[PDB]
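S.K.: Following this line is structure37.cif, made up of mmCIF, C-alpha atoms:
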```cif
data_target
#
loop_
_atom_site.label_atom_id
_atom_site.label_comp_id
_atom_site.auth_asym_id
_atom_site.auth_seq_id
_atom_site.Cartn_x
_atom_site.Cartn_y
_atom_site.Cartn_z
CA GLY A 1 10.26 -20.00 -10.02
CA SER A 2 9.07 -19.09 -6.53
CA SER A 3 6.69 -21.35 -4.61
CA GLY A 4 3.70 -19.91 -2.77
CA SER A 5 2.32 -16.49 -3.69
CA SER A 6 3.94 -13.08 -4.17
CA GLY A 7 5.90 -11.66 -1.25
CA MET A 8 4.63 -8.08 -1.06
CA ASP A 9 4.02 -7.30 2.61
CA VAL A 10 2.44 -3.85 2.33
CA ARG A 11 2.06 -3.94 6.11
CA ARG A 12 5.83 -4.14 6.57
CA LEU A 13 6.02 -0.82 4.72
CA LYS A 14 6.21 1.96 7.30
CA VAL A 15 3.89 4.98 7.15
CA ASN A 16 6.49 6.84 5.08
CA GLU A 17 6.72 4.03 2.53
CA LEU A 18 2.94 3.85 2.12
CA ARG A 19 2.65 7.64 2.01
CA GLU A 20 5.07 7.82 -0.92
CA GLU A 21 3.34 5.02 -2.82
CA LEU A 22 -0.17 6.33 -2.15
CA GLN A 23 0.88 9.81 -3.27
CA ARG A 24 2.38 8.45 -6.49
CA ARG A 25 -0.97 6.75 -7.09
CA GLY A 26 -2.97 9.89 -6.35
CA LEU A 27 -4.44 8.00 -3.41
CA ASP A 28 -5.38 9.69 -0.13
CA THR A 29 -2.62 9.59 2.49
CA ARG A 30 -4.87 10.09 5.52
CA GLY A 31 -5.69 7.73 8.37
CA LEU A 32 -3.53 5.51 10.56
CA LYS A 33 -0.71 3.33 9.23
CA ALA A 34 -3.00 0.32 8.90
CA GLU A 35 -5.48 2.43 6.93
CA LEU A 36 -2.76 3.49 4.48
CA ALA A 37 -1.68 -0.13 4.04
CA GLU A 38 -5.20 -1.28 3.16
CA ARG A 39 -5.74 1.67 0.81
CA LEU A 40 -2.59 0.98 -1.20
CA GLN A 41 -3.21 -2.77 -1.14
CA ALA A 42 -6.78 -2.26 -2.36
CA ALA A 43 -5.49 -0.49 -5.47
CA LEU A 44 -2.84 -3.13 -6.15
CA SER A 45 -5.45 -5.89 -5.90
CA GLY A 46 -6.20 -6.38 -9.58
CA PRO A 47 -8.92 -9.06 -9.78
CA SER A 48 -9.32 -8.10 -13.44
CA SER A 49 -9.81 -11.43 -15.21
CA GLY A 50 -8.77 -10.82 -18.81
#
```
Is it possible to give me this structure as C-alpha cells?

M.R.:
Amino acid sequence: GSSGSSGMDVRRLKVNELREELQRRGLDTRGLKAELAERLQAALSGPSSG
C-alpha cells in the first residue's frame, strides 16, 4: 500500500501533457497552463459516491 493520497500532480504536467489529455477527453484546450490543469483535474475529480 501507499500512505497518504494519490500522487497525481496535474500541475507538474506541462502544457503539452495537459493538451493531450484534455483533447482525449474532448475537453477544451484553451487558456493558460494553469487553466488547462484545473480543467483536466476538474474532470478527474469524481466525487461520485456509489

S.K.: What's the 12 Å shell around residue 30 of chain A, counting all atoms listed in the file, without same-chain residues fewer than 3 positions away, as a ChimeraX atom specification?

M.R.: /A:15-16,18-19,22-23,27,33-40

S.K.: Distance atom CA of residue 12 of chain A-atom CA of residue 41 of chain A, one decimal place?

M.R.: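 Going from atom CA of residue 12 of chain A over to atom CA of residue 41 of chain A covers 12.0 Å.
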
S.K.: Have a look at atom CA of residue 11 of chain A and atom CA of residue 48 of chain A and let me know their distance in Å, one decimal.

M.R.: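 So the two atoms, atom CA of residue 11 of chain A and atom CA of residue 48 of chain A, lie 23.0 Å apart.
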
S.K.: I'd like the interatomic distance between atom CA of residue 46 of chain A and atom CA of residue 7 of chain A, to a tenth of an Å.

M.R.: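 Computing the Euclidean distance for atom CA of residue 46 of chain A and atom CA of residue 7 of chain A yields 15.6 Å.
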
S.K.: Output segment 10-41 of chain A with N, CA and C atoms present, as a compact mmCIF listing (two decimals), keeping the file's coordinate frame.

M.R.:
```txt
# COMPACT_ATOMS: atom_id res chain seq x y z
N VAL A 10 2.74 -5.27 2.23
CA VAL A 10 2.44 -3.85 2.33
C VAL A 10 2.46 -3.38 3.78
N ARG A 11 2.08 -4.27 4.69
CA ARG A 11 2.06 -3.94 6.11
C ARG A 11 3.46 -3.59 6.61
N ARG A 12 4.45 -4.37 6.17
CA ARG A 12 5.83 -4.14 6.57
C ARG A 12 6.27 -2.72 6.22
N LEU A 13 5.69 -2.17 5.16
CA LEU A 13 6.02 -0.82 4.72
C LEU A 13 5.56 0.22 5.74
N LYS A 14 6.51 0.94 6.31
CA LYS A 14 6.21 1.96 7.30
C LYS A 14 5.23 2.99 6.74
N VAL A 15 4.82 3.94 7.57
CA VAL A 15 3.89 4.98 7.15
C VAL A 15 4.49 5.83 6.03
N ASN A 16 5.80 6.04 6.09
CA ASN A 16 6.49 6.84 5.08
C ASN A 16 6.47 6.13 3.73
N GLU A 17 6.70 4.82 3.75
CA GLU A 17 6.72 4.03 2.53
C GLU A 17 5.35 4.05 1.85
N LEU A 18 4.30 3.86 2.64
CA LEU A 18 2.94 3.85 2.12
C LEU A 18 2.53 5.24 1.64
N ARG A 19 2.97 6.27 2.37
CA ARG A 19 2.65 7.64 2.01
C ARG A 19 3.20 7.99 0.63
N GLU A 20 4.43 7.56 0.36
CA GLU A 20 5.07 7.82 -0.92
C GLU A 20 4.35 7.10 -2.05
N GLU A 21 4.03 5.83 -1.82
CA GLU A 21 3.34 5.02 -2.82
C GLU A 21 1.94 5.58 -3.10
N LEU A 22 1.19 5.80 -2.03
CA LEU A 22 -0.17 6.33 -2.15
C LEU A 22 -0.17 7.65 -2.93
N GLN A 23 0.77 8.52 -2.60
CA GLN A 23 0.88 9.81 -3.27
C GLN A 23 1.14 9.63 -4.76
N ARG A 24 2.04 8.72 -5.10
CA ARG A 24 2.38 8.45 -6.49
C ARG A 24 1.18 7.88 -7.24
N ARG A 25 0.22 7.33 -6.50
CA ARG A 25 -0.97 6.75 -7.09
C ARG A 25 -2.17 7.68 -6.91
N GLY A 26 -1.90 8.93 -6.55
CA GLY A 26 -2.97 9.89 -6.35
C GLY A 26 -3.98 9.43 -5.32
N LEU A 27 -3.56 8.53 -4.45
CA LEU A 27 -4.44 8.00 -3.41
C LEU A 27 -4.29 8.80 -2.11
N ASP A 28 -5.39 8.96 -1.39
CA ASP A 28 -5.38 9.69 -0.13
C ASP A 28 -4.33 9.12 0.82
N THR A 29 -3.65 10.01 1.54
CA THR A 29 -2.62 9.59 2.49
C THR A 29 -3.04 9.90 3.92
N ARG A 30 -4.34 9.82 4.19
CA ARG A 30 -4.87 10.09 5.52
C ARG A 30 -5.17 8.79 6.26
N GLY A 31 -5.40 8.90 7.57
CA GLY A 31 -5.69 7.73 8.37
C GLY A 31 -4.45 7.13 9.00
N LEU A 32 -4.65 6.16 9.89
CA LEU A 32 -3.53 5.51 10.56
C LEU A 32 -2.70 4.69 9.58
N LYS A 33 -1.59 4.14 10.06
CA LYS A 33 -0.71 3.33 9.23
C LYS A 33 -1.48 2.19 8.58
N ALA A 34 -2.22 1.44 9.39
CA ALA A 34 -3.00 0.32 8.90
C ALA A 34 -3.93 0.75 7.76
N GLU A 35 -4.56 1.90 7.93
CA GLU A 35 -5.48 2.43 6.93
C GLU A 35 -4.76 2.65 5.60
N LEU A 36 -3.56 3.22 5.67
CA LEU A 36 -2.76 3.49 4.48
C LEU A 36 -2.37 2.19 3.78
N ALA A 37 -2.07 1.17 4.58
CA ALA A 37 -1.68 -0.13 4.04
C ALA A 37 -2.83 -0.76 3.25
N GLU A 38 -4.03 -0.71 3.81
CA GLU A 38 -5.20 -1.28 3.16
C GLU A 38 -5.54 -0.51 1.89
N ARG A 39 -5.44 0.82 1.96
CA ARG A 39 -5.74 1.67 0.81
C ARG A 39 -4.85 1.31 -0.38
N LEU A 40 -3.54 1.31 -0.15
CA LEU A 40 -2.59 0.98 -1.20
C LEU A 40 -2.80 -0.44 -1.71
N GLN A 41 -2.99 -1.37 -0.78
CA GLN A 41 -3.21 -2.77 -1.14
C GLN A 41 -4.47 -2.93 -1.99
```
